[PDB]
Amino acid sequence: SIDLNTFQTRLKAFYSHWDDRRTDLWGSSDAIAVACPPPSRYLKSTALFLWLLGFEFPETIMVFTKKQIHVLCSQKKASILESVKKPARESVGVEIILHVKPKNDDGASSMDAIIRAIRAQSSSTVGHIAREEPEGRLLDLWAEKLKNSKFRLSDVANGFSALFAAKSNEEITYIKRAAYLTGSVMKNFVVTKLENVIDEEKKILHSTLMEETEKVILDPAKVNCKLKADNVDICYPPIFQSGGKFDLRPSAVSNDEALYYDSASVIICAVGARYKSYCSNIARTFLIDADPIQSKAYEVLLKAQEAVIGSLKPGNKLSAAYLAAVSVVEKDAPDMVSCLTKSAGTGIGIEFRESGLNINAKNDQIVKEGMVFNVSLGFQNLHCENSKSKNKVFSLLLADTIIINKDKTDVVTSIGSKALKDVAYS
Ligand SMILES: [K+]
Ligand code: NA
């Protein structure tokens, strides 16, 4: 089950980073608590379990101290975690202590024991991912017990963000596999499906496009992918939008309205496949008999997106990359600047959205080799030429997954020309 070599390497990386940047990124914490809810959203806590152990551990609390790691979990998970005791000892000198919770027990006594151990290891500062809302009885109780302890509590989300920021070669491979499928689905299913639907003047709901796209992702054979299907999931329900109803937030959901493709129309599709828990993303906009404003805006958006990608190089600030897009729009379409999305995307990995790596004007984080980005840039609520049209107000979106290498930036969702002529239909 558990890759012990990966566990050791990553536990060492974690303890090293924690120690190296204790005050700066880890809130001066002496101990760090992570907790995952019962099976049911992306959680940074879930990402840590996946990163460290290669599997989710729902309804589990894990607490790292200088010399121990305490886990509160089911007997079944505890029998599994027995195997990492020796590797944890031999890697960072820590003792794994397993506290088994009975199914009908609330785990209260074990939480008290864990809290006593934290105190023993020595005031105490416990780091947690503060922005996470506890879900379920276990996490509710734990949060209350931490709150009611004497401990100082520090947000350490930025520590985990830094830790997950630069991917190993293995992780980059999984993202490329994911991105290959993502791109293959867009190119070999979505584009073909849309073309057929518009050709035959079919009626199809956005939610049907969503479901059909899901099916192809989960059976990548349906587009000749050759990825182990057991390793594939969807990052989010595919997004299809048209007919004047757009929403560029990543949480947008495909509605039950029919795809709209009459004159002066645009269609937005965003899809992302996940491979061995590593996410990828792509988004394309297709234009049907586009009017001059829709056409120009798309050309400008493409040039702006390419400018972000071209600016994501080791040593450059994420903010400079975002402002590269702004500079393009300011030059070529100054009146459209106000419609540009305020973000050009985020880091991406186990988490679909790495919030600490948001490509925006306020993020002065420096690009490093091994970072991976969902470069996703749009125009929101532009006005088309004929205001009597269904797309009187419209939006546009382009997204790709890129890998930052030392010597070049790889666009791993490259599936063919994004130029207007290739995404426009008449
Ligand atoms: K329209
Ligand atoms: Na529509």
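Residues: numbered from 1 along the sequence shown. Whatever order the structure lists ligands and atoms in, that order sets their numbers, starting from 1. The analysis underlying the following values was restricted to heavy atoms, covering all of them including side chains, and did not include hydrogens, waters or symmetry mates.
The distance from the Na ion (ligand 2) to the nearest N/O/S atom of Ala258 is under 3.0 Å. The nearest N, O or S atom of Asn386 is not closer to the K ion (ligand 1) than 3.4 Å.
Residue pairs meeting the side chain to side chain donor-acceptor pair (under 3.5 Å) criterion with at least one partner in residues 296-315, sequence neighbours excluded, are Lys303-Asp332, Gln305-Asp400, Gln305-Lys418. Among residue pairs with one or both ends in residues 186-200, those qualifying as salt bridge (charged side-chain N to carboxylate O under 4.0 Å, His left out) are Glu200-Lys202; sequence neighbours excluded.
Aromatic pair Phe14/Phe160: ring centres closer than 6.0 Å.
Around the K ion (ligand 1), the angle linking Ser389 (OG) with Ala264 (O) is 100°, rounded to 10 degrees.
Ring geometry for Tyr174 against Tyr278 counts as tilted: the plane angle lies between 30° and 60°, on a 0 to 90° scale.
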